[PDB]
Each structure stands twice: as C-alpha cells, then as structure tokens.
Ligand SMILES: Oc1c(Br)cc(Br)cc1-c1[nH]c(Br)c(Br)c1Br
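Take a look at this single chain, the form solved without pentabromopseudilin, given in structure tokens.
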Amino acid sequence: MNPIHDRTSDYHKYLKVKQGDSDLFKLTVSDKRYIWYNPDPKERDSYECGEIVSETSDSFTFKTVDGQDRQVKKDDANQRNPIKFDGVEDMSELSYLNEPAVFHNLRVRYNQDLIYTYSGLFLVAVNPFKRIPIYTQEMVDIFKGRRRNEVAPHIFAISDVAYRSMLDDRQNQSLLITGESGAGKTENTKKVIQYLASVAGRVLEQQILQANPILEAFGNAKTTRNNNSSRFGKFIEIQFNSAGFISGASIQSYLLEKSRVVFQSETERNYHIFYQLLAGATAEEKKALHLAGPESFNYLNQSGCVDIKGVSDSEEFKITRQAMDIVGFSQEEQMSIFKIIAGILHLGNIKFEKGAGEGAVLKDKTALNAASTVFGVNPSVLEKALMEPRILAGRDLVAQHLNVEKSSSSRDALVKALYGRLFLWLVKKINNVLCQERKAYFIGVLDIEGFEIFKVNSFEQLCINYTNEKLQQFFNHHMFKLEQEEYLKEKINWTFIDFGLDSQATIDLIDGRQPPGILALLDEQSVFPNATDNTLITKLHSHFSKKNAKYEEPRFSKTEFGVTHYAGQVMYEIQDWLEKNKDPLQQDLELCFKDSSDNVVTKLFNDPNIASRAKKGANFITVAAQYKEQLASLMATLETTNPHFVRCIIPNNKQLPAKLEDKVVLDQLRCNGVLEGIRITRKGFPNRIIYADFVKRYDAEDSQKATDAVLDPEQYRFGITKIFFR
C-alpha cells in the first residue's frame, strides 16, 4: 500500500485530517450559516460562532452564544466558512478569507497536531511545543519527488519544491523562515537541511547535520522567550553539483550576542556550552580546568537559573563532543576550545577593588591565575593589561590606571572578544570541512534571530528587530510589490491593490543615510570624542521626535526611544550604546593573548580574518555599519534566488503545547501579512512564460496565436510578452 492512500499509515495518522463521523456529516450538510463575532467588542481577537438567523440587503442578524440577537453590516461581517473547509490544507481554498476564519482553520489543524498549513504559495507552521513523529526517514521518503498538491503540508514538501525548482530552472533557491522569538525557525531550518541531505545525498552529509549541535552549544541560550534561543542569525548555503547531488555547505553567521557571556537577565541562561562543560566534563578535566559548579561563577550565578526543564546539560555535552569529532575537530583543538570556555569563566570571577587611589587593584589573584593558566598567558602581563592598559595620548605612550568599573568592563570586553572570536573560528573550521567542491547551485536556508521584546531592549534587540523588519519587507516586496509591478508592466488589465504592508519607513528610520537614521546618528556619535549616551539619545530625539512617524520620544523616560516595528512598538534603552557600537578592546589585552602558548588562542588573536578589524578612515568600522553591510549583502544574495517562505507562528508566550492563544496568533497573522498573502495568491496570476518559450515546450511568428490554440479563459490572461496562468 502507498502510505499516501493508506488510511492506516503514519502519514495518514499524523499529517492528514482525521475522518469526521456521521454526526459531523450532518453538521457538514446543514443549510445553516454562521458568523464569527466578538462577544466583547473591546476584545477584537476573541471570537464566538453565531448563527445567521436573518438578513437584509446590507446586514446580517445573528444569535450569540448567550442567546441575544445582534446585527452587523454585511461588509463588516466575518462569515464562518462552511465547515467542510475546517482543516483544509491550503487556505487559499477558503470561501471567506477573514481573520477569525484563517485562525479557525489553523486551530482545527493545530488541535489535531497538524502544524503545517499552506497559505497560498507559502507555508505556515504553528509551533506545537511538543514532539510529533513527522520527521522520520519514512516521512522523508514519502515526500521525495512529490508535487506540493500530491501530499500534505510539511516543511519537507516546500523543501522538495525548492529542490525541484533548483534542478528544473537551474536557479538558486532560498528558504526564508520567519517568526518571532521561539516560533520554530531553527527547528524547521534543521528539518529543511535533514530533508535536502537525505534526498540529494550520496559523511559530508552527516557533517552538515552535525554542524548544528556545535553552533547551538556555543550560539544558543535560554531566554525568557525560548529555552533554546539562537543568539546569532545564520544563512546556510546547501550546495549542489550540476546533477543535483549535495556537494557541500557554507554557514554565514551573523552577529553573535557577546553581551550574554557576561550578563544574563533574571531566569535566563548564558550560552548552553558553559552549562554543558560544567555538568558533562570528567572529574579529571574539571581539575585540569579548575572548574566547579555553575553557582561558583559570576557569569553563571546571576540569573537564578542554571538548568532548563527537560534538558540534561551533561548529555548535551556528549552530543556536542560527538559532533566535533564527526566534523573533524582534533582532540587538541577540542581541549583548547574548553580551555577558552573555562578561562572565560575564571576571568568572570576576577574581583577588582578600589586601591589607595582611584585606580583598581586585584587583591586576590586566584581567578586571574586560573584563567592565565588555562589560556596559556602571563598573569602579570594580563593583570597590567586589565587595570593599567597603555594607550597613546597624541603619540605619547601613557599607562592608564582604570578604576573598578573600567577594569571590570575591560575584563568583560576581553571575555566577549574571546567568545565572539572563538565562535567565528568554530564556524570557519566547520565551513572549511564542508567546502569540498565549487557549487553549481545552492539552496540557502535563512534562520535569523526572531523578533524579540523584553523589559529591557538594548542595541542587540534593535539589530535583531531591524533584521526581522528587513525580512518582512523582503516578503512584502516579493509577494506584493514585485508581483504587481509585473502585472502592470505586462498589461494583463490589473487593478493595483494597496495591501497596506510596508516596513520601509521603519527600515529607513533605522538604517537611513540621507537623512541620517538611528544607526547613522549612532555611528556619528560613536566617533565624536565628547559623546555620551545622553548626547546620543538627545541627538535621536532631535532628529526624530515628532518628525518620524515610526519614532517615539517617551514622556516617561529620558533614556529610551520607541520604534514602531511591523511586529509592534519596541522601547529601546540607550545605556551603553556608544560602547557597544565601538566594541572596544584594549590593545594591551590583545598583545597579552597574542603571546598565548595555546594554538587556538593564538589563532584568535593573530588570524586577521578573526582578530583584525576593518577601518573606515581614521576609525574602526562600527558594529552598526558592519551589521548593516552584512545584512545588505545577505539581501543582495537573496535577490538572486527564488525564495520560498515559511511563516513560523508561536501559539502562546508560555512555550506550552495545546494552547493556542488567539490574540498571540492573530497579531502574528496580521503583521506577517498572511491574509494579504492569501489574497494576492487568489486574485493574481502566479506563473508566466514568454510566449515563444511556451510554444517550444507545448516555432511560430505569431507566438500568441499558437499559445491560444494550445489552450477555461478565466484561469489565464494574455500579457505583452508573456502568458499568465492561475
């Protein structure tokens, strides 16, 4: 039996809507009509189903749940779809396309663990927050080669469609997986990669998969929104030869959240690797590295959280090391990696105290000595580099004597540099292993850090949210703007629709050059010798307050500014932004570590690709300018691919299964442009081929006549160089 047609198969059990019973059939053939309405008009996302009992020319009257009777204009009415549509696999098929109707369909599917639903040309994936057995090899095998309409919605299906388009069109593809923090981007990314590796595979393929536990160990952490939050964005190029077999892969990582190494908010964790090393190391290795439990380290004992429900850090450590072995990190390199992790922990335990004067001293040198031992550096040199770094004053060489706060910050800067550089080094090592062939093609899978809002939002959140805004605009541009520009250019008699989705004003507020946006004003302040966080916020207010519609100068704070993003307004706290943008590290610290006896540490400080910083005239390039440039480069790459969108949707903000919260979901459906995306797919003309190229596949001087002969008139329209189909 073909599992697709076998109602006993796991495919049918886990990916198809369950058979309705005879009572549902009765309800399904009912002549009655229903409407979605709000019992409480202030709560616009909480809906009940009311029966339409009467109508006028312009209105419906319906019975509420409590049994009263309401009236509503037909043009304002959210009619409920005939219930034969409940659970439908592609929501472009719905008769009534409205918010409660789309949400209801997602809910019916979600309630039976069907997390994937097509919304026209793109896939919607609602996080189940539990394991559903739909990602086995057997599932992979079922989707292999199948057209999207032959099989159930699945991340595997869109992956296969991209793979088939790559071969059929000889064009690079991308899979763009959007979603707010914890929505499921990383999980789905991993599934796309699993699938491509299996269907296009011929050890290389295993190394591709095993890159993930490494990067997640060093790059992921518990935040309040996601127990396994990615703290770096990544674009994975899965590379193929001309025959369509996997030839390699390349990982581009984007800015890692280095600040997490030295500070975590309440209930959050540092990067997983710290907890994995401490829980998972042998008592031998804990002695050589001078390690104890998490509670003995300032960098791990501030949040009040050292464990994650359902996660064994010692077991994860074993998975991380196995991945490192498979990828090819030597035992030497692995030990050096954990020396750096241990050393960072020790550096964090250094306690600076006030000396006779304003300058800091280090009374207890235990932590300094353990760090220096594991890194292979001179402790006296390190001590002097932390508290008495030398700088130029003009051309004179002057020993500073940093006070306690500056010493502690410099120490943090060293830590963040060590961690950030190690991460870049891990990625580079992985890439060199996965770089074995010049590619013919690639499918690029984008997994950015998801849109996030916390009590305190800093520069890191602005960068993340800016990226999410840019990705949403990329969706807007491809689904709506480019689409409609093609229709109108080809004169298929298209009436332009304003879909009301445009993130450009927010993007410009952030990254504008002329007039200067936030990032540009930040950069200018960053190289202005007398700038402070206060002159910076004042500068932002001066440029944007009551001037830019997406900016708010709050009345309740002098140190925050609000950006209205697609996903909601975010208040950003300016504290430390100049320093975060400059990302300073005392040169004496680099000089100390350049002399490291450790082969990995020495690479982190001597390899120009890792250690060197690009210059913009008399200054180093800022974090913001670099960020902006890497993102612009990503977007340019994406523009050369055929994109496929997966919209991950989080069901609630508690990381709980079986708990769709309608306001949480509806906010995402709205700001993602899901309904608008379904509408363009229904009302528009998805596919078009130049007439001459259509005739040759299905020669003539009058290529249009040949096209009409071969051809229902409604499902097509003749353009000036192309035929258009539905």
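Numbering starts at 1 and follows the sequence shown.
Form solved in complex with pentabromopseudilin: not shown, discussed below.
The chain here is shown without pentabromopseudilin. Which stretch in 68-76, 606-614, 292-300, 362-370 comes within 4.5 angstroms of it in the entry with it bound, by heavy atom distance?
It is 606-614 that comes within 4.5 Å of the partner.
Quick check on this chain: which one of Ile251, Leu585, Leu402, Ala279 has a heavy atom within 4.5 Å of pentabromopseudilin in the entry with it bound?
It is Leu585.
Ok, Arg647, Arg80, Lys339, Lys416: which has a heavy atom sitting within 4.5 Å of pentabromopseudilin in the entry with it bound?
Result of the distance check: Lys416.
Residue-level question: is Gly355 within 4.5 Å of pentabromopseudilin in the entry with it bound, judged on heavy atoms?
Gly355: no, not in contact with pentabromopseudilin in the entry with it bound.
Even though pentabromopseudilin is not shown here, does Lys258 get within 4.5 Å of it in the entry with it bound, heavy atoms only?
Flag for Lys258 set to yes.
Considering non-hydrogen atoms and a 4.5 Å limit, does pentabromopseudilin approach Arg109 in the entry with it bound?
No, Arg109 sits far enough from pentabromopseudilin in the entry with it bound that none of its heavy atoms falls within 4.5 Å.
Would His346 count as a contact of pentabromopseudilin in the entry with it bound, using a 4.5 angstroms cut-off between non-hydrogen atoms?
No, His346 stays farther than 4.5 Å from pentabromopseudilin in the entry with it bound.
Determine the residues of 416-436 with a heavy atom within 4.5 Å of pentabromopseudilin in the entry with it bound and present them in sequence order; the list may be empty.
Result: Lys416, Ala417, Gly420, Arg421, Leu424.
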